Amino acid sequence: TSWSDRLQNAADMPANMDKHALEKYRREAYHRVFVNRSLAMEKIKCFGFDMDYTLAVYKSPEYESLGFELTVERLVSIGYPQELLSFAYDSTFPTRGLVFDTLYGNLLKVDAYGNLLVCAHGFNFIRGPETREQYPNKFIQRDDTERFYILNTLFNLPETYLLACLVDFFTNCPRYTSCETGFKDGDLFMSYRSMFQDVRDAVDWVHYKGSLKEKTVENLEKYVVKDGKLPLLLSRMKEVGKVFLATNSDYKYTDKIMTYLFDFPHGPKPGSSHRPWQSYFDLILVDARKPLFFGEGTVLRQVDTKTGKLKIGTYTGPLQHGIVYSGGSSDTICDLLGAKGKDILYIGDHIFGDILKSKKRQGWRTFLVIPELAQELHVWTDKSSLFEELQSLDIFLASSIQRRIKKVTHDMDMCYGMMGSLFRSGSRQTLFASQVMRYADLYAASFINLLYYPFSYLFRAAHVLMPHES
């Protein structure tokens, strides 16, 4: 049962909009909206969206596996060894938010302060003492972006696994000699850094020039979560405010995906006339180029929606019905919708590129979609006795208690996969968890969970006190 199986299972259920049905439904962890900072929904005048992994949630592990297969084929195509073709995507290995260390070829799971929680070289999980040889302070300077790449998006899951596959392959293949910073193949030296760059270039290529979009579109049921409650929620948002789309994707792909998401034999509710997807939006903007979008952005362009091509020149005209924009900036949206930042709830999955930046640069309110949560919550609740035991051990300590703390930490983490929970390793929170807490005002496995809260719900979080205030 993947996280997308959980989401699609919930998507298949029709909305019971009886007020008591809603009240009962959103008590369950799975259908809840989680609150980091209080948010009065009555003050929200605009609802904004990203598309990929927000409105269009790609099914797991099928979509990662397709990305993986195409990336592999691209690398083989440019001259990587044929053995790569015998790799197969393994959803049990990667967790999102790992750091690739390009100097030593390791995947690292870190906390908010750069402290190492997990280190794997290929598929070899390196224990505490052996990590000190390369990381004397069990620490990395994560701002050293030439050396460290943080694999923070769901699109990075296939390359997270591929990097490990490649390091493993080259290490165990007799044709290469393993060196501290890469591999020697006679008079050729392949650094982990150049290998990483090839992978990164190949993923980019697959998305922008290769066949990933085409293969997705030719089998949308296989690859994309579909939920009849999507149109209903968007219609309800539009009754109390404005709705916009701001996506990095191009118009043609956006139109294919969105048409599929709205292709039901009815509109918002069963029995209603079907309406085109575009009618759900007061403003539609593609080719957004976030995160730059939240600063200077790029020039505002107009999409010719017949051809899918941009009209020539900068668009100087007003917001009108049926217009589709390309590029622009976050100010374009504010100014055309007559919104201030705090009037906007921006809904997306990119914890850095969208949520962090819209919050820091513009003061937008934020809703982070975390697809993996839909399954992480089942593990958290089913194995709560492991975490509870770990808590008790840390308490009792505060000798063989440490050994047992390590063992329980391991067993807990393995329930989530080889790289553990997205949010922690044992009692230590990940960088990703800290970023969610700091920059996502609200979060959930799906933004559909908003459907279960009344129009002007007050989402509440407790006031924060400093230690000397407590």
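Position 1 is the first residue in the sequence shown; the rest follow in order.
In terms of unmodelled positions of the deposited sequence, the stretch from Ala398 to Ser399 in this entry skips 10 or more residues.
For the two regions 251-259 and 181-189, the entry's Cα B-factors average higher over 181-189. Comparing 121-129 with 280-288, the stretch with the higher mean C-alpha B-factor in the PDB entry is 121-129. Reading the B-factor column for the CA atoms of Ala29, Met418, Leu442, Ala56 in the entry, the top value corresponds to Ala29. Among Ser384, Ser194, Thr92, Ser235, the highest C-alpha B-factor recorded in the PDB entry belongs to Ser384. When the modelled residues of the chain are ordered by C-alpha B-factor, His274 sits in the lowest third. Per-chain ranking of the deposited C-alpha B factor places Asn449 in the middle third. Among all modelled residues in its chain, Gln402 ranks in the highest third by Cα B-factor. Sort the modelled residues of the chain by CA B factor and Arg37 lands in the middle third. The deposited CA B-factor of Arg142 belongs to the highest third of values across its chain.
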